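Here's a solo chain for you in structure tokens, the form deposited in one PDB entry.
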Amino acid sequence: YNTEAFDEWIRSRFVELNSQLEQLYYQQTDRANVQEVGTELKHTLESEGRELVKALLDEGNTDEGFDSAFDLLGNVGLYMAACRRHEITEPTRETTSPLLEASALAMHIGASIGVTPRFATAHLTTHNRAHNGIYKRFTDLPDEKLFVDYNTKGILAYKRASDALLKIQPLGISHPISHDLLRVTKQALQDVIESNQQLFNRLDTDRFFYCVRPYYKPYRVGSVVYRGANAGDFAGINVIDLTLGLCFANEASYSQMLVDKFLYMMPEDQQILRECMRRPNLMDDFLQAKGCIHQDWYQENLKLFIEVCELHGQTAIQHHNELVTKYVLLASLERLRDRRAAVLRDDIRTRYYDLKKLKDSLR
């Protein structure tokens, strides 16, 4: 009953509170400011949530399967995420989370099922259950809905793309069916392009920067600081990077990057991702077959392969100049985006010269 009670709260009262609070913040001239404004609604949010959590730290260890645990972790994470937004909790300001009940329960479940002890992308996107059309959310703001909905669509599209690329491994780059898989990959990547363009042309730049993004901030769970969930927190996009050979696992900078996000994705994705790190990539296969340049399968599949790559880089630059350039680690972000777009660089390694070498093979 308690678990169900906490979920109902998250899907009702929880939304009203954050919404009413966003209305207050959006009024002031600062708008980003939180210091002194809705100190009354904040107490109600923290207090109500905390009691529901405490009433849960009793039957929140019975183990009702992975899905139930992850879902419960979501609600607790969602609650803690809001608290961080309303600065009811702050990382640097503190030495350890002031939310004792919620922290202990979060860390208990996360370590139990192998995921970070906080709100992760899957909680609001791919694994956010809807009850009569209504699913989990922080506020009732139309812009939050546009962000979540299109992120979910983009994420699912990236999964359709990675799934097709993986099915090539047992066939080989010269198999005729690989052409079809390559085409399926292209369509999925185009859906990502379309999906993002839609988001960029319907999202309110101001409503998102002041009423949506602040919920995706880093916060402490126990004494450790856990950064906020990202749109790339899933296997899909990374599987594509490795399989296409646009990224290299043999480099410290990249492997460390993957290590810092494994816990932020589903256990299934973590395993699929890990495996990609120790498998051959399509780029290097086409390069080792430079001599078969005159073969029909070579020019037919290579052509498609190249389009897939330039298509993936395309979505890398757009995403960057939209959710990054507008709203320290920015260099690493540019690095990743340059690797995906196989852009010409000299400070780091890029598939630019290799990709160019192949394109010229087809003349």
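In this text, residue numbers run from 1 along the sequence as written. If you superpose the two forms and keep the largest set of C-alpha atoms that fall within 1.5 Å, you have the rigid core.
There is another form of the same protein, the form deposited with a small molecule bound; it is not shown, and what comes next is about it.
The closest heavy atom approach of residue 327 to the small molecule in the deposited complex falls within 4.5 Å. Among residues of the shown chain, residue 340 is one whose heavy atoms approach the small molecule to within 4.5 Å in the deposited complex. Under a 4.5 angstroms non-hydrogen atom cutoff, the small molecule in the deposited complex lacks residue 97 among its neighbouring residues.
Not displayed here, the small molecule is approached by residue 151 to within 4.5 Å at the level of heavy atoms in the deposited complex.
Not one of 44, 83 and 103 places a heavy atom within 4.5 Å of the small molecule in the deposited complex. This chain is displayed without the small molecule, yet in the deposited complex the stretch 330-338 from 302-310, 64-72, 330-338, 46-54 comes within 4.5 Å of it by heavy atoms. The partner is absent here; in the deposited complex, the one residue of 248, 208, 262, 135 having a heavy atom within 4.5 Å of the small molecule is 208. Of the candidates 113, 199, 193, 181, 199 is the one whose heavy atoms come within 4.5 Å of the small molecule in the deposited complex; the others do not. Residue shifts between this form and the one not shown, rigid core superposed: of 307, 48, 322, 300, the only C-alpha displaced by 2 Å or more belongs to 322.
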